[PDB]
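Here's the structure we're looking at; comments come further down.
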Amino acid sequence: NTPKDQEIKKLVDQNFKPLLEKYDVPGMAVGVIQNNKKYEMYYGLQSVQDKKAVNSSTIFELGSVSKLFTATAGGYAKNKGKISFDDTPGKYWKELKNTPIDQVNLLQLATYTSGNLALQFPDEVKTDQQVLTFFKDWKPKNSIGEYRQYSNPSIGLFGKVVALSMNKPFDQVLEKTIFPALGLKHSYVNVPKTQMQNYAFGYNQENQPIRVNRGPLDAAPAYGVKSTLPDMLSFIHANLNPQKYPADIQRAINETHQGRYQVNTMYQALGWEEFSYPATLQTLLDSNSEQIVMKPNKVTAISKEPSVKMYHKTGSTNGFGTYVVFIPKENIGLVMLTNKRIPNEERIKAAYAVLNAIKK
């Protein structure tokens with residue numbers, strides 16, 4: 001017959017490869033892990049002008065998939081006793097004490113329910129002083145905890161507090177504690193000079209190469225991580241097998257898998273979105289609809305706590321797209337990285353087709 005590695009490659013060719021021509025995407029990396037075996041598929045160019053092929057060393061920007069590492073760092077700090085999720089941010093960032101935002105707890109920040117934090121920091125909020133003023137000028141709108149509004153400043157403040165609790169800057173929390181503990185060796189908040197030859201150009205909608213570092217420093221927990229396909233497969237492996245790690249990072253990973261509330265069929269975990277498995281394709285597409293991503297939604301308590309579940313997260317930057325998904329009880333996951341954005345629905349659809357067709 002046909003070996004599994006070839007079967008997986010054929011499924012990725014059938015479902016992901018056509019996206020390169022359809023969306024004029026220069027380069028793409030797709031990885032699958034099944035039963036602790038990893039399958040890596042590279043396509044196209046990490047740099048068009050340099051004719052440099054995408055490969056296992058290629059570094060991509062993760063966009064909002066960065067939040068999964070921030071969530072892991074918060075789970076680590078919580079299980080080390082450095083924070084409680086019931087704490088408020090002024091316990092750690094003392095300049096926020098006696099301000100309205102100091103009524104919001106860390107779990108509410110991490111899961112986007114403060115009631116008045118928008119998708120992005122304002123364009124003019126650039127320096128650390130402007131970030132502090134932004135949070136001190138914050139006033140509640142909706143009742144705290146009642147509405148989910150997906151928000152980069154909300155989880156950015158969470159990450160800043162996590163880092164304060166660990167007495168290190170956020171970049172050092174990831175690069176010196178969290179990445180080493182997950183065994184990731186080519187993941188960065190700041191790509192060093194000696195790795196720039198491996199950093200893909202991002203490509204904008206005019207297929208022009210772009211190298212953009214966005215927003216204030218305290219937005220890094222929301223969207224500032226870079227990684228390679230092998231590292232992202234290792235990160236999926238850690239999520240599939242937390243029992244294989246030391247107690248503190250194992251508990252950190254498990255913390256990120258705990259659903260906190262629902263919006264319709266979506267369970268909000270820490271960083272991860274979570275779903276009953278098997279999930280219909282429309283459930284997964286709804287999680288990325290304008291209604292869910294861009295508008296405020298009332299949250300409801302979890303009713304069905306799904307025994308059998310799956311998790312995913314999309315991410316994009318101006319020049320990059322990312323999607324990661326895993327299904328614990330099927331021992332499987334998938335990572336897609338591109339150096340041009342393509343619609344989130346296409347990433348979700350292609351991964352759904354691949355994962356449902358792979359022989360069990």
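Modelled label-to-label distance, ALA247 and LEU119, 7 Å Cα→beta-carbon offset: nm?
Inter-label distance under the simple model: 4.4 nm.
Please compute the length gained on full extension between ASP137 and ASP13, using 0.36 nm multiplied by the number of residues separating them and subtracting their Cα-Cα distance.
That pair, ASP137 and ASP13, stretches by 39.6 nm at full extension.
According to a simple spin-label model (label point 7 Å from Cα along Cα-to-Cβ), what is the distance in nm between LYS298 and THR265?
Inter-label distance under the simple model: 2.1 nm.
Angle check, please: helix 4-15 long axis (alpha carbons) against the longest principal axis of the chain (alpha carbons), in degrees 0 to 90, nearest 10.
Helix 4-15 sits at roughly 70 degrees to that axis.
If we count other beta carbons within 10 Å of each Cβ, what is the order of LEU45, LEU106, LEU174, fewest first?
Ranking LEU45, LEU106, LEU174 by Cβ neighbours within 10 Å, fewest first, gives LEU45, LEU106, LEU174.
Rounded to the nearest 500 deg cm²/dmol, what is the calculated helix-only ellipticity per residue at 222 nm for the chain, with -39500 (n - 2.57) per DSSP H run of length n ≥ 4? Walk me through the numbers before you get to the answer.
On the way: 12 runs with 112 residues, N = 360.
Result for the chain, helices only: -9000 deg cm²/dmol.
Using only Cα atoms, find the angle between the long axis of helix 344-357 and the longest principal axis of the chain, and express it within 0 to 90 degrees, rounded to the nearest 10.
60 degrees
Evaluate the relative contact order of the chain (contact order divided by residue number), counting alpha-carbon pairs under 8 angstrom at least 6 apart; express in whole percent.
25 percent
Which entries in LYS22/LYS295; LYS22/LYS329; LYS160/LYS226 show an alpha-carbon gap greater than 24 Å?
Listed pairs above 24 Å: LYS22/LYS295; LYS22/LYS329.
Classify segment 203-245 as rounded, prolate or oblate, taking a ≥ b ≥ c as the square roots of the eigenvalues of its Cα gyration tensor: rounded when a/c is under 1.5, otherwise prolate if a/b is larger than b/c and oblate if not. Please report the intermediate quantities before stating the final value.
Values: a/c = 4.33, a/b = 1.81, b/c = 2.39.
In terms of gyration-tensor shape, oblate.
Helix 247-256 against the longest principal axis of the chain: what's the angle in degrees, Cα atoms only, rounded to the nearest 10?
Around 90 degrees separate the two axes.
Shape verdict for the chain, please, from the Cα gyration tensor: rounded (a/c under 1.5), prolate (a/b greater than b/c) or oblate. Walk me through the numbers on the way to the answer.
On the way: a/c = 1.61, a/b = 1.36, b/c = 1.18.
Cα axes put the chain in the prolate bin.
Pop the C-beta distance of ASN98 and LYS51 into the FRET formula with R0 = 45 Å and round what comes out to the nearest 0.05.
Details: r = 58 Å, r/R0 = 1.29.
Efficiency, rounded to the nearest 0.05: 0.20.
Classify segment 217-360: rounded, prolate or oblate, from the alpha-carbon gyration tensor (a ≥ b ≥ c, eigenvalue square roots; a/c under 1.5 rounded; otherwise prolate if a/b is larger than b/c)?
On the way: a/c = 1.14, a/b = 1.01, b/c = 1.13.
Rounded shape, in that the Cα axes give a/c under 1.5.
If the elastic network links every pair of Cα atoms under 10 Å, which of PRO343, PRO209, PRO296 fluctuates the most in the Gaussian network model of the chain?
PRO343
For the pair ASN35 and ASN254, what calculated FRET efficiency results from E = 1/(1 + (r/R0)^6), where r is the Cβ-Cβ distance and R0 = 30 Å, to the nearest 0.05?
Computed FRET efficiency for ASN254 and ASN35: 0.90.
Counting other C-beta atoms within 10 Å, which of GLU61, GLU21 has the fewest, and how do the rest follow?
Placing the least packed residue first, the sequence is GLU21, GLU61.
Using Cβ contacts closer than 10 Å as the measure, can you line up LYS329, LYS193 from fewest to most?
Starting with the residue having the fewest Cβ neighbours, the order is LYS193, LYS329.
Here, each number is a calculation from the coordinates, and none is a lab measurement. A quick note on method: Cβ atoms are made from the backbone with ideal geometry, for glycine too, and the neighbour counts reach across all protein chains shown.
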